[PDB]
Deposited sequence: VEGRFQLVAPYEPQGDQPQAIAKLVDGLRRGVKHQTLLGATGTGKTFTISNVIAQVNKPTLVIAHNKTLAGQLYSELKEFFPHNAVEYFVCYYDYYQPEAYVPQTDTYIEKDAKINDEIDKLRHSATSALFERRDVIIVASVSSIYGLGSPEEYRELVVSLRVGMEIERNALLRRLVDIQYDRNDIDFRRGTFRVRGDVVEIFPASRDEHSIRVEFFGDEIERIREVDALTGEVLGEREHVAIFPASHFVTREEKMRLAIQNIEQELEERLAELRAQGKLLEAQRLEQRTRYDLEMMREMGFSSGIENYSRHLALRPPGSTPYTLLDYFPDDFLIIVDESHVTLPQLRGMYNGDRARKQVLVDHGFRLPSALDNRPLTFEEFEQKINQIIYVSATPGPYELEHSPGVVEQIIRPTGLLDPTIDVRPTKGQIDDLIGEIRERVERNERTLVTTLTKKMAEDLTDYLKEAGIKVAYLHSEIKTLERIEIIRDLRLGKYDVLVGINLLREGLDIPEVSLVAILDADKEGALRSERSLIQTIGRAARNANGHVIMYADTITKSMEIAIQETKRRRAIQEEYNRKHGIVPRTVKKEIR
């Protein structure tokens, strides 16, 4: 590889992926800042993007709008680039430990090699100190280097590695006479064995700690700090002093106001935190601004800042991701402020925050937004769109009937019964938790095996219910707004949309396309809208569905593609 991406896949680009790839790549090479990939559900957008990443060879940040999508994209990208550094940067016993490790693998990789793709959630790009410091404080070790064992040990301690001769673990180092064995914070199962002859480095080896294999000799190795908030001792002392002076003034302020409970609470928690500013703390991010000695109101350091300046950003499901990004500042600021009011945190804790949307914009080099339904921001900043409509599988956008509200529930049930005999599944979407609840009984009353999906349901149980649906424990799934982007269930032939004309965010153009899209994974995919009116949003959804289907049907007969329902392994 040598710092270049190698896209590995069992197939090549198909349908209209080639032109999509070509346009985006061209756009990047001409210095176009914002671009948008208008890719229909099931056109392999991640593969399209991977080809794009592979050709331009920039360090890439992939931003998902939740952990589930981040996880999937991470595992997909790992398969696509098995010889490159695909990393995973999400927020927070051993599950916590694994996340800390993966975060460290991600940041250190940005300073080890160019061929790096990091998948992060939009909420998880924080919790970091200066990248300049992170790099500057590396312990760089070379063979031949004049250095004492005890001095190397001291330098490792200063960057937060613990001596631990008994345990064999991440973020520690072992000592046996002349051999020091370092486990980087970024590795669970790999260590660096450093061998001294007198006060000189005779040999450096990479070791597989699980298998015990010695993997090779190194002339040079780089050990990165075991925390992202490490600073030099002088800077650290001054941080401590600033924190102490701030605490004094706020404690006096709170007491002057007769908020003695709050003052007590603040003093107690802060002192406790300061206790471990000698010993090792948790929640240290709250002091980030003082630790960096930076001005009040300063933009925080983020994952974006660890990337080089010529990096690439991919925003997955951009229409949801960007508004989530936009609203985080005000949301976080308001929660933190009440914590400051009740004396849980110092006022400087407000500087431990997400970026404003404007700050995010300042940090962009080049960006590609990815959505089947791009938001207005994406369209306004991108010069038109790179459209991608033809599926390598041949599958077509579904057919749509509009049917009236009268006896709709009886109509739906009969329609569903036909699917069960065809061994096919159905998805239904109502407006409210109430109606969904009623409807799910109606169906249980009529003997239909059905499950109900709503916000109260939890990740692990959601997963279970999707799985059971695919397995055939259920034939129908009912929900409100969770039968949407991300949902990939090829056994679904029917998507029912109740109150399809009852306008709002739930029945917007954008939402209709997304919900319709759940029918685009089956060769017999069909959508029924239960409405007495054809609304404008409805009008546009149906027309766009029709337009795509027509183009795809022509394409399919020009090239002799047979729409095949993608068999997808059940996990």
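Asker: Which runs of the deposited chain sequence never show up in the coordinates?
Answerer: Unmodelled stretches: 93-112, 301-302.
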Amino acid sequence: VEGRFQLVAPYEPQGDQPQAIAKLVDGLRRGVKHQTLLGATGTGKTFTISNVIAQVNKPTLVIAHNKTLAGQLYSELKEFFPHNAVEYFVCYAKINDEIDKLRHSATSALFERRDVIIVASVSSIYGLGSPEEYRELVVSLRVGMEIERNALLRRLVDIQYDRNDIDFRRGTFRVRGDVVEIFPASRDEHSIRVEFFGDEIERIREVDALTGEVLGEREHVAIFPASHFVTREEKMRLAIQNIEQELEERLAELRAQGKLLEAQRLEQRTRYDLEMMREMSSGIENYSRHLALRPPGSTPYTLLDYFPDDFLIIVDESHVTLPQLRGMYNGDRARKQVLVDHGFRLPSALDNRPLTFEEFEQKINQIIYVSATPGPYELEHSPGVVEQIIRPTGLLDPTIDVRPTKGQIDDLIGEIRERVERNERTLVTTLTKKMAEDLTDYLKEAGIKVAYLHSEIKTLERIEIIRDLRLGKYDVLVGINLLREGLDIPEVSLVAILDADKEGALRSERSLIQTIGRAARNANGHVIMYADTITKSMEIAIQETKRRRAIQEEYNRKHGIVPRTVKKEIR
From here on, numbers count along this sequence of modelled residues.
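Asker: Taking the mean of the C-alpha B-factors per stretch from the entry, tell me the winner out of 182-190 and 255-263.
Answerer: Per the PDB entry, the higher value belongs to 255-263.
Asker: Between 550-558 and 9-17, which has the larger average Cα B-factor in the PDB entry?
Answerer: Averaging CA B-factors over each stretch, the winner is 550-558.
Asker: When you compare the CA B-factors of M538, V32, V52, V62 as listed in the entry, which one comes out on top?
Answerer: Of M538, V32, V52, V62, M538 has the highest C-alpha B-factor.
Asker: Sorting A209, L453, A292, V320 by Cα temperature factor from the record, which one lands on top?
Answerer: Highest C-alpha B-factor among the listed options: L453.
Asker: How does the C-alpha B factor of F197 compare with the rest of the chain: lowest, middle or highest third?
Answerer: CA B-factor rank for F197: highest third.
Asker: By the recorded C-alpha temperature factor, relative to the other modelled residues in its chain, which third is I368 in?
Answerer: Its C-alpha B-factor belongs to the lowest third of this chain's values.
Asker: Would the CA B-factor of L312 place it in the lowest, middle or highest third of its chain?
Answerer: As the PDB entry reports it, the C-alpha B-factor of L312 lands in the lowest third of its chain.
Asker: How does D351 rank on Cα B-factor within its chain, lowest, middle or highest third?
Answerer: Lowest third - that is where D351 ends up once the chain's C-alpha B-factors are sorted.
Asker: Would you please rank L274 by its C-alpha temperature factor against the other modelled residues of its chain and give the third it falls in: lowest, middle or highest?
Answerer: Ranked within chain, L274 CA B lands in the highest tercile.
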